[PDB]
């Protein structure tokens, strides 16, 4: 039993009248196709594309071009300034090197902007990641900018975009374990499960302790609007099977609490739809 009528209707009451454009992808483990909402919109990804980036970094690790214990120079003055980076507060000193593995964990789990931009340097920039996304057979998405360019120009975020179909496909290609070695896959799943970002988004209305591998993303506000409040992830159902849910709240005039509640409510509806199929 795939996407069926009261699921699409619960989603209907969650977004109708909200001053935002809400992208939705729901792919339960018995669905041939994802349920999509606003499938024709281009949703700015913000931090969500650190998942795509990590998959490319770990695929180049799997191909030997890089190594997880390979060191990278982090210079406090050289890197992207005045930005979100737990790495530049965790580590003291004017210059230090960290392993690619810690760059990955910082970018994926802590959504770190400096670590993310250093991984862009090692793989060949946004154009490397744009080619990789296409190489997975995902067409309706684009990546042209890094974190530094997005911080420099707030309109540039709209060109690092994905469609809801493309959001489902990357979540599926991550979840299905076929794009990466077993060691690389297992690190990415760990980083996506162990994040403490966005607790009120996909995890917000799920029972405590529900395993959710997910990547958040959020823009800043401008003139009382938030261009993007996103969360994309894999919910582990009680039988161990995956439920893929992505929600992208675009150009919202609602409060942050409402934007996250929208994400949470969709994830809950998809979740409870799957729970009644079992015990």
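Residue numbers count along the first chain shown, from 1.
TODO: Could you check the entry and say whether 267-275 or 6-14 has the higher mean CA B-factor?
DONE: The stretch with the larger mean CA B-factor is 6-14.
Task: Mean Cα B-factor comparison, 240-248 or 59-67, giving the higher one as deposited - done: The stretch with the larger mean CA B-factor is 59-67.
- [ ] Tell me, please, which of 102, 163, 200, 111 has the highest C-alpha B factor according to the deposited entry?
- [x] Across 102, 163, 200, 111, the entry lists the biggest C-alpha B-factor for 102.
Open item on the list: When the deposited Cα B-factors of this chain's modelled residues are ordered and cut into thirds, is residue 80 in the lowest, the middle or the highest one?
Closed with: As the PDB entry reports it, the C-alpha B-factor of residue 80 lands in the highest third of its chain.
- [ ] Just say lowest, middle or highest third for the CA B-factor of residue 37 relative to the other modelled residues in its chain.
- [x] Residue 37: CA B-factor falls in the middle third of its chain.
Task: CA B-factor ranking of residue 28, expressed as a third of its chain - done: Middle third - that is where residue 28 ends up once the chain's C-alpha B-factors are sorted.
Open item on the list: Sorting by Cα B-factor within the chain, modelled residues only, which third would residue 125 end up in: lowest, middle or highest?
Closed with: CA B-factor rank for residue 125: middle third.
- [ ] For residue 137, return the chain-relative third of its C-alpha B-factor as stated in the PDB record: lowest, middle or highest.
- [x] It falls in the middle third of the chain.
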